[PDB]
Every structure is written in structure tokens, then in C-alpha cells.
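A single chain comes next, written as C-alpha cells; it is the form deposited in one PDB entry.
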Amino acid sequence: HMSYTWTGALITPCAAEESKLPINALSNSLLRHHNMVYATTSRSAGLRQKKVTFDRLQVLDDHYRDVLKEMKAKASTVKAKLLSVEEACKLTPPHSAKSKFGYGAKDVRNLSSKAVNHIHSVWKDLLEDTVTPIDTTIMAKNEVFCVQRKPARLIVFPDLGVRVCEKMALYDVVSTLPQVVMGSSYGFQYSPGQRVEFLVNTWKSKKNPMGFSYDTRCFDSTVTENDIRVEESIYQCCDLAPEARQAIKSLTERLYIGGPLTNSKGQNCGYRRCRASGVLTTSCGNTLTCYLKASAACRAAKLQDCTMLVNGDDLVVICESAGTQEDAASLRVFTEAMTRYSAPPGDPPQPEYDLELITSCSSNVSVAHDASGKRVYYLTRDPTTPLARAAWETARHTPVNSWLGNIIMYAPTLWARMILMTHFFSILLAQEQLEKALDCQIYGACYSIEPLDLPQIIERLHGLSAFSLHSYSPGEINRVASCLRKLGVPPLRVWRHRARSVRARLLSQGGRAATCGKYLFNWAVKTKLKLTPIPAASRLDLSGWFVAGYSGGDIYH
């Protein structure tokens, strides 16, 4: 029962890979300690292969089956629709990997007869054949980090034609089923502000709250055939068209359960018997499986009044405390149960008694004050990785602008406001690129966003208090200040001076640009303005946002 079998053929790149931080005239204004920042490349793929290759053993008890029967009962209330070829095509990212069958993501989106005819052939093949493993491409991801160096993460994905077919069969399923099954526990239904609220209310709802996060070591490689067949049985509980039931069974047997691994050169790298990281069902399957194993492990450990919060493999549990020594014992029994279920830990879970000290989705709750002096809870994170990626993006154009996604997701934070907003608005001003739409990622999905719409977006997601937060906690301020020293990022006093300039420059341009100046940089002036709601913010269609997670799902809006 190995997660993977290998042939020895290397995981190869598509193009030239850069590992060292590229430097330009703008680099030193953001970060001075260049040797701290690196990108992962296919060079390190071999080390990741060793890490993800292990034997999985599963022992399934009555808690597991009891939780599963309940999840199936809730899933049986879902009615999912089959997406048309047109709907599935328009959800394809413009720069999605081209098919091996002579058409690309632009041909898909434009409904070109060659692309549509190939789509109808893969579809016909899925209905007629439920046995033949579907070929996948294994590629090393190029991701930027700060040191103290990780090996490249791997992406496993099927051909463009299959990805469009996954959309037709399962887009409605993966978008509606997890919230029905898990209710408030499904993390991807919340905006960052709704998440902070969910976490604070849950913590408050316990008499003696105890919280922990559970890190499953290499979650995708811990996922067994059983887990993948169990996810399918959950999907089949829905009220589906018979053609969809057929495509779901077929995609499960032929792709989701496993298949051969092919490099960018066309060589067989080996075989996968675990979760594929680049399929439509990666996020949904991981969230359902993580929730099933943890809900069963909560019952095994006899955890009192457990509230879970699940986003793929990211798991947070808020429960009733039985005192520090019993809680430590409860977590050992929880870990033992998770291990038996084939979800062993990376770092052992640690009980926490301060909500602010709990990290989930690489984030923690923190407190600041709005203009009226009210204590406002918001979500933040260690800024090291957002800052290292901002440094890379300062010198290289990338298919996914992390800085824009970070400004959207972490708009009320000290570091996103003072550094990210200031730095990138300065760059866009100098290049006259404020109106240029940039692609970013929100819950794994791709969005093309105009930076000029940032104030309207921030207002709708976080409220006007995002533009007015002050009096950040000493814990938060010190983490940011330490991070800046570590990376050689100028101190925050430099950023406030620079932001006054970025603000004056945005105001000068008038219109949408002045709106960015007025709202985004109101913190930088001593004589603050009274910020009122933006009329355009109500006109924004923010549906599709915070409904589901689509990490590795090839989704564009």
C-alpha cells in the first residue's frame, strides 16, 4: 500500500527555472537580505519523492462509520447539476496548461470546434470506459520562501480535456456538497471577517475553551484508495443526472484513485495510489476526508463539545477543556486515532488556551481598534512568506500575484497596509498600470482583478474598519518588526513616510486612483478623513467568492 512507485525518470521542468531572488532597481526598497529568499525548482523534486513515498495502513472502526453514515445522510439532500460544455470552458484559466491534443486554454474559452470536439470525445470515453487509468503530468511547483530550504512541492494533473470534463461532472458537487455536509465547520464558505467571527463566537461558546490545530504530515500522500472510494460514495448520495453518476464513477476509478505519472518530456515517472494535487476534487475530497477522520478521532479521544473548522487538510478544533494534563492526554488519543485512520501528524498537536495563539490556514486571530476605539478582531499571519514573495514579484512577473491576494485577504493587517499597499501602489503608479487587471488566488481559485477596485473589494470583505484600524497589539507589532529585521525590510516609520508620497501621487491622478489614495492610505496622514461607503462597492458582483475551496482545481472565477 505505497503512496507512490517510481521508475527513476526525473521530474522535469517545462522551461528555465530561477532559484535565486532576481534583483532589479526596486528590490532594495523592499528587501535587503536577498540570500534569505529562494524559489523551489525541479532540482529538489527527488527529495520530495522520498518524503511523499510511504506505506499507508488503515484500521476503520465504528466512530469512522458512524460519522460517515451521518455525512451521507446530509449529502443525500444535495441536488447537483451537470455543467454544459460552455460553462465548464468559461471556468478554465486563460493560461491553464495546454492539451497534448493540439488545442489550448484559449481554444477551450473561445469554444473552438477542435477543443469542443476533443472535450465531447474524453466525455464519451468516460461514460463508456470506467477501468482505464487516465494519464497525469507530474511537475515540481516553483514557489518562493524564506530560509529556516524546503524541496519543491509536486503537482499531479490530467490533460486539459479531462479537466473540462471534471468541471461538467463535479463543479456543482464540489461547490455545494461540503457546506451541506459540514455546515459551519466548512472553512471555505467564509470571508476572512466571517472566519474571525466564527472563531471568536466558537471560543466564546465554550465554558473553558481549549483549541488546537492538527497538522497531518503530507496529507495528500496519506489519502488511501478507501478514502477516495468513500469520497465517491458521498458524491453519489447527491441527486445527480445518470450521465453525471457515470462520469463521477469513471473519474474516480480512472483518475481519483490513482494512475501513471508522466513528466514534461513524456517519460513514465511511476504510479500514484494517493490523492492527486491537481484535480477538481482535491480541495473537496481533502476537506471531507479530513473532517471524517477528525470527527471520528474527536469521538475516540472523548473530546467534549468539539467544533471543527476544516479547509482541505487544515484542521482546527475548539472544545471544552478538562485541565492542562487531561487535554495533553486527549490530544495523544486524538493523534493515535488519526494515525490509525492514516492521517499521522507532522508536528504533534499542542493545546492552546489563548485563541490568538492558535494558527490555522497559516493564520491567527488578533485585535486592533477602529476609529471609535472599539476592539476589532481580525485575521493576520507571520508576514515572512508574503514578504519573500512580494520581493520576487517586485523583479519578476508571475502567473499569480501573491501580493494582490495578500492585500485582499489580509487588508486590515499592519504589514499589508503599510508595506504591501505602499510598495506595489508606488510600482503601479510609476508604470501607469493601476487599470491593468492582474491574476490572483482566493481559496485556490483564479481571479483577474484591477488594483483600482481594491477599496471597493476591501470594503465588501472586511468593512470600512479595515481602512481605520489602529492600536495593533504589542504581539503583532513585534512579530512584524522582527520579520523586517530578519529580511532587511525598511522599518515601518520608512513605510509611513513613503505612503504619504504614494497617497499624494494617487490623489493627484483623480477618480478611482484618488479613491485608492483616500481609503488605502488614510492611516498615513495625521489629519485623517471621515471615510464613507464607496457607491461602486455595492455594484461589485462578489458571488463565487468564499463559497468553496478549489486548490489545484483549475478554476477561474
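Throughout, rigid core stands for the largest set of C-alpha atoms superposing within 1.5 Å between the two forms. All residue numbers are counted from 1 along the displayed sequence.
Unshown form solved in complex with a small molecule; subsequent notes refer to it.
Of the candidate stretches 503-511, 53-61, 486-494, 66-74, only 486-494 has residues whose heavy atoms lie within 4.5 Å of the small molecule in the deposited bound form. Contact annotation: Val37 falls within 4.5 Å of the small molecule in the deposited bound form, judged by heavy atom distances. In the deposited bound form, the small molecule lies farther than 4.5 Å from every heavy atom of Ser175. In the deposited bound form, at least one heavy atom of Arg498 sits within 4.5 Å of the small molecule. Looking at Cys165, you'd find every heavy atom of it more than 4.5 angstroms from the small molecule in the deposited bound form. The candidate spot formed by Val116, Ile119 and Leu160 lies out of contact with the small molecule in the deposited bound form, as no residue has a heavy atom within 4.5 Å of it. Note on the partner interface in the deposited bound form: the residue among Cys319, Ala297, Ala388, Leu261 having a heavy atom within 4.5 angstroms of the small molecule is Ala388. This chain is drawn without the small molecule; in the deposited bound form, the residue among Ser250, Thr307, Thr224, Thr394 with a heavy atom within 4.5 Å of it is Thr394. Put simply, after the core is superposed between the shown form and the other one, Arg505 is the one residue in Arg505, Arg43, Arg65, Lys51 with a Cα shift of at least 2 angstroms. Annotation: Cα of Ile228 displaced by less than 2 Å between the shown form and the other one, core superposition. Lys204: CA moves less than 2 Å between the shown form and the other one after rigid-core fitting.
A displacement of 2 angstroms or greater separates the C-alpha positions of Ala430 between the shown form and the other one, with the rigid core held in common.
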